[PDB]
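Okay, so here's just one chain, in structure tokens, the form deposited in one PDB entry.
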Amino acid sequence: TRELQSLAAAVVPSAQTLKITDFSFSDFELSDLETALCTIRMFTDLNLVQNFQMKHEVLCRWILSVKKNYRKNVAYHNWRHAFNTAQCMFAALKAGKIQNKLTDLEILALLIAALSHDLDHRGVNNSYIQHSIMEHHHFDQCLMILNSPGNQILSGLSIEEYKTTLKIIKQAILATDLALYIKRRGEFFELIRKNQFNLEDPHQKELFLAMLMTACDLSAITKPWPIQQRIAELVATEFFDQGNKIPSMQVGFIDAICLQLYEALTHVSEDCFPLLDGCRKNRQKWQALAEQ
């Protein structure tokens, strides 16, 4: 409660001051408190606080709840990865001009889902517990928090706005299962290959939203080389140390998973090119190392 007090008081610097509009944004120099402020600025500049009447104290308390329910002891899947996925959503909406293409409820759900999509993750090598099992648990945690007293940032919504928002949130979190991404991306590319991609179709809109969640989830792969190398470290710590081969593994994951995604995304809105570009520059660098 010491921490909610300092955060509820602080001034929220502008989007420009915080750099949360650059696809190149990094979080390494920021304290937890500063990522909270960045997160309030994301909600605010998306018009989410205005259009849905979010009480300042509840947003603050919601954000600290979410941060609280990521595990510090997990190297990569932690609050900072959740914060970075949201920042990328923000930059894709603003810098990448995708805001125009969506409604406010879609935007409000993508931001909440980006921040919540890995809640209570314990590291890839602790697949304990008791078709997207993890993602279902992530959404449960997310809903559980959205309902906690004092944390209900969706109280300003009507019952029908609320039910619509939770549907998207759930779809968005579940979309972060790379299995679903592999299952559904073929249709997405096909409709962009043939120039028939239209967002006004509901099934197509929902598919874009799933694809955008993956693009943000994986976006460490697009970052300036010294930033991406540091994350790549964290990914390796989690995968190996449960807390020479790597460069070529990196190139395989970029080719199998990332490049097409970011290519397709650039066709939808070419202001998302920094992501595709950042991904290529990283493939180049990793391949050079892969060749020793």
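Here the rigid core means the biggest group of C-alpha atoms that line up within 1.5 Å when the two forms are laid on top of each other. From 1 onward, residues are counted along the sequence shown.
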Would you mind checking whether residue 181 is unresolved in the model of at least a third of the other PDB entries compared? no
Other compared entries: residue 129 unbuilt in at least a third? yes
Using the PDB record, quantify the missing residues of the deposited sequence between residue 226 and residue 227 as none, 1 to 3, 4 to 9, or 10 or more. none
Check the residues of the deposited sequence separating residue 100 from residue 101 and report how many of them have no coordinates, as none, 1 to 3, 4 to 9, or 10 or more. none
What stretch has the higher average Cα B-factor here, 64-72 or 234-242? 234-242
Looking at the deposited entry, does 82-90 or 183-191 carry the larger mean Cα B-factor? 183-191
Tell me which of 116, 125, 222, 176 tops the list for C-alpha B factor in the record. 125
Which third of the chain holds residue 120 when residues are ordered by C-alpha B factor: lowest, middle or highest? middle
Could you look up the Cα B-factor of residue 140 in the entry and say which third of the chain it sits in: lowest, middle or highest? middle
State the tercile, meaning the lowest, middle or highest third, of residue 266 with respect to the CA B-factors recorded for its chain. highest
Can you tell me whether residue 276 has a C-alpha B-factor in the lowest, middle or highest third compared with the other modelled residues of the same chain? lowest
Split into thirds by Cα B-factor across the chain's modelled residues, where does residue 259 land: lowest, middle or highest? middle
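The discussion below concerns the form deposited with a small molecule bound, not included here.
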Within 4.5 Å of the small molecule in the bound PDB entry, do 28, 217 and 223 each have at least one heavy atom? yes
Answer with yes or no whether residue 38 is in contact with the small molecule in the bound PDB entry, where contact means some heavy atom within 4.5 Å. no
Contact flag, residue 80 vs the small molecule in the bound PDB entry, heavy atom cut 4.5 Å: yes
Taking 4.5 angstroms as the cut-off for heavy atoms, does residue 119 touch the small molecule in the bound PDB entry? no
Heavy atom of residue 75 within 4.5 Å of the small molecule in the bound PDB entry: yes
Contact residue in the bound PDB entry, from 63, 54, 231, 265 (heavy atom within 4.5 Å of the small molecule): 231
One residue of 33, 227, 58, 48 in contact with the small molecule, assessed in the bound PDB entry (non-hydrogen atom, 4.5 angstroms): 227
Quick check for you: of 83-91, 201-209, 188-196, 99-107, which stretch puts a non-hydrogen atom within 4.5 Å of the small molecule in the bound PDB entry? 83-91
Please name the single residue among 101, 94, 71, 80 whose Cα shifts by at least 2 Å between the shown form and the other one after core superposition. 71
Superposing on the rigid core, is the CA of residue 206 displaced by 2 Å or more between the shown form and the other one? no
Superposing on the rigid core, do we see a C-alpha displacement of 2 Å or more at residue 236 between the shown form and the other one? yes
Aligning on the rigid core, do we see the C-alpha of residue 123 shift 2 angstroms or more between the shown form and the other one? yes
Relative to what we see here, could you say if residue 141 and residue 136 have their Cα atoms closer or farther apart in the bound PDB entry, with a change of 3 Å or more? farther
Cα-Cα trend for residue 23 and residue 123, given that in the bound PDB entry the distance shifts by 3 Å or more: farther
